[PDB]
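Summary of structural features
Each chain, letter by letter, is given below.
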Amino acid sequence: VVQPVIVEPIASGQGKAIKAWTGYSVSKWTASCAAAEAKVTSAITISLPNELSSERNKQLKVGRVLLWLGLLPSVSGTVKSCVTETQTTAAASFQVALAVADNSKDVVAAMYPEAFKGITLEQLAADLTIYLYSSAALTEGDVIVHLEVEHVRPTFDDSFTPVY
Amino acid sequence: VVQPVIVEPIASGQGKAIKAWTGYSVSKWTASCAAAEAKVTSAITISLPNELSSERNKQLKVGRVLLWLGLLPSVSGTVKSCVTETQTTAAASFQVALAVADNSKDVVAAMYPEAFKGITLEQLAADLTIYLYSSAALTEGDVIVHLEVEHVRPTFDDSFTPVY
Amino acid sequence: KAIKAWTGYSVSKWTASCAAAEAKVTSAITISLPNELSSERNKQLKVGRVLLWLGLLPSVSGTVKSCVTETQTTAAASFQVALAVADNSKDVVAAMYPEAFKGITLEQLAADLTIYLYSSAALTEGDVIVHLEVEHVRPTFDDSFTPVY
RNA sequence: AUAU
RNA sequence: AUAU
């Protein structure tokens with residue numbers, strides 16, 4: 001039997017949003033890029049936001065990392081990123097990366113399910129780095145790297161600080 | 001209906017002792033305090049006592065923490081303490097302490113329920129410090145700081161070191 | 001009798017080469033993880049029993065000692081603290097570490113502790129090969145192929 | 001073997 | 001995600 005199918009076309013914002021894990025919550029930050037000459041791989045350090053910085057909030061567990069890449073309207077060359085482990089020549093990140101966000105493709109993203117699981121939010125901040133590459137020269141703000149990280153939902157959100 | 005009540009007086013030792021958590025035990029150590037002039041906040045590094053120093057032992061997780069303050073009979077000014085995250089200006093500890101041991105009040109202790117939870121015993125020793133303030137000059141020996149820490153009853157000291 | 005590993009735990013064995021040093025010097029060797037255990041995720045694996053060998057060359061004569069103990073300030077002190085030391089003067093040239101590193105992460109093994117080597121006589125690089133075997137929870141990942149997109 |  |  002041959003089922004005739006019709007492919008209804010989707011508009012941009014219509015992708016399935018991925019819900020987080022029961023008892024986890026996604027938080028997202030942005031990292032503005034550095035300036036660099038063409039074909040230079042730059043490193044960007046993952047900086048934790050603030051809420052996720054107290055000693056209790058730091059020990060949180062991670063468990064799905066999504067890499068976005070919001071380059072601006074006038075950029076031209078190919079741009080790439082990957083969140084890998086701190087590499088010793090930067091470019092090599094791209095040779096091990098389990099996923100690379102390339103603007104050359106339809107979706108400029110990278111997802112890391114089963115890759116950085118069970119890591120401490122602080123651990124994420126320490127043994128991994130974000131790498132950026134572009135075949136053109138970048139200026140202080142062309143590529144804004146979005147990092148979205150799932151982690152156990154915190155306990156402080158639940159109470160007031162006692163008094164006394 | 002109005003309930004008549006009599007408030008029978010408690011002497012000193014008569015306070016309730018707080019029991020630990022099933023699967024936990026409390027270790028206590030003393031930290032003698034160095035000398036300093038009046039109105040100066042000093043820093044005291046939390047040093048791990050020996051049982052809790054081997055690597056297996058170093059990773060027990062922390063539960064609730066209690067801070068005592070045993071100052072000797074000839075002291076006079078106000079004395080204050082707290083265990084906060086290693087502050088950049090010793091005196092700011094007091095602006096962020098969720099509990100302060102002021103000797104101006106009846107009980108000279110500070111407890112830390114729901115704060116510091118889940119941290120590693122080594123982490124305690126690393127990213128936190130004790131601060132002591134007094135309105136008068138101190139000499140090495142007054143104000144022995146007592147620190148009592150809850151942690152997973154160690155699996156370790158349930159066996160001898162092997163032979164051959 | 002060969003010691004079986006634990007259910008779940010598999011044993012990883014790897015070597016490290018001698019450093020070429022002078023007589024009576026306690027040198028230090030850094031434990032570095034073998035590539036298979038090198039991913040961010042594999043590093044989080046928990047350690048179990050750890051064993052230490054000593055595969056010295058047939059002509060090396062003198063006493064050779066080794067122990068795997070927490071990173072030291074004064075290398076030689078390792079021996080005064082080592083829960084087990086490997087000698088060649090003894091019938092057995094091993095150091096078994098039961099209950100001593102039980103809850104550690106492979107990552108911590110590579111950071112928190114080091115390997116030390118003493119020899120009464122001076123050594124050439126490669127005179128003594130060090131074998132270190134670590135029980136670690138079997139990595140889940142070995143059962144999947146890396147995705148392709 | 002055990003533990004959370 | 002797994003899986004306990």
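Here is what the cut-offs are and how they apply
- Residues numbered from 1 in each chain as written, not as in the entry; some residues may be left out.
- Chains lettered and ligands numbered in written order.
- Heavy atoms only, no water.
- UniProt positions renumbered as here; feature names shortened; annotations may be inferred.
- Helix = DSSP H or I, 4+ residues; strand = E, 2+ residues; numbered from the N terminus.
- Rg over C-alpha atoms; globule rule 2.2 N^0.38 Å.
- Disulfide = S-S within 2.5 Å.
- Buried < 20%, exposed > 50% of the residue type's maximum accessible area, 1.4 Å probe, protein only.
- Polar contact = N/O pair within 3.5 Å; in protein donor to acceptor, adjacent residues only side chain to side chain.
- Contact = heavy atoms within 4.5 Å.
- Buried area = accessible area lost by both parts, 1.4 Å probe.
- Salt bridge = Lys/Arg side-chain N within 4 Å of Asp/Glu carboxyl O.
- Nonpolar A, V, L, I, M, F, W, Y, C, P; charged D, E, K, R; others polar.
- Pairing = 2+ DSSP bridges.

The PDB entry annotates chain C as Coat protein of Cowpea chlorotic mottle virus. For this entry, the PDB title field holds "STRUCTURES OF THE NATIVE AND SWOLLEN FORMS OF COWPEA CHLOROTIC MOTTLE VIRUS DETERMINED BY X-RAY CRYSTALLOGRAPHY AND CRYO-ELECTRON MICROSCOPY". We quote the UniProt Sequence similarities comment for chain C here in full: "Belongs to the bromovirus capsid protein family."

The PDB entry lists chain A under the name Coat protein, from Cowpea chlorotic mottle virus. Among the UniProt annotations of chain A, the heading Function holds the following wording: "Capsid protein. Probably binds RNA and plays a role in packaging." Checking UniProt for chain A, the heading Sequence similarities contains the comment "Belongs to the bromovirus capsid protein family."

Looking at the overall build of chain C
The number of helices and strands found in chain C is three helices and eight strands. When the helices and strands of chain C are placed in sequence order, the string is β-β-α-β-β-β-α-β-α-β-β. Computed over its C-alpha atoms, the radius of gyration of chain C comes to 16 Å, within 12% of the 15 Å expected for a compact globule of 149 residues. Seen through its principal axes, chain C has C-alpha atoms that stretch 55 × 35 × 30 Å.

Here's the deal with the state of the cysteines
Residues and elements named next belong to chain A. Evaluated as defined, the whole model comprises zero disulfides over all chains. Looking at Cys33, it has no disulfide partner, and the nearest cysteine sulfur is the one in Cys82, 15 Å off. The class of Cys33 is buried, set by a relative accessible area of 4%.

Details of the side chain of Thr129 of chain A
Residues and elements named next belong to chain A. Here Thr129 shows up in strand β8 (residues 128-134). Among the residues examined, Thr129 registers a relative accessible area of 7% and is labelled buried. Of note is the side chain of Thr129, whose polar atom sits 3.3 Å from the side chain of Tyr131. In contact with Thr129, not counting residues within four places along its chain, are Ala43, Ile44, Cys82, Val83, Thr84 and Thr86.

Structural notes on the interface of chain C and chain A
Taken together, the contact pairs 10 residues of chain C with 11 residues of chain A. Note on chain C versus chain A: buried area summed over both sides is about 850 Å², and carbon and sulfur give 49% of it. On the chain C side of the interface with chain A, the three residues burying the most area are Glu40, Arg41 and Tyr149 of chain C, jointly 60% of the side's total. Counting the contacts that link chain C with chain A gives one salt bridge. A salt bridge links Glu114 of chain A to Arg41 of chain C; its shortest N-O distance comes to 2.7 Å. Applying the counting rule to chain C against chain A returns three residue pairs in polar contact. Ranked by residue count, the leading element in the side of chain C that touches chain A is helix α1 (residues 40-43) of chain C, at three residues. By residue class, the composition of the side of chain C that touches chain A is two nonpolar, four polar and four charged.

Points about the sheet that holds strand β4 (residues 79-85) of chain B
Residues and elements named next belong to chain B. Taking strand neighbours across the sheet as the criterion, the four strands line up as β2-β7-β4-β5 in an open arrangement whose pairing is antiparallel. Each edge of the open sheet is held by one strand with a lone partner, namely β2 (40-45) and β5 (101-102). Taken together, the seven bridges between β4 and strand β7 (residues 128-134) define a ladder with antiparallel strand orientation. Across the sheet, the residue bridging to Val83 is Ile130, located in β7.

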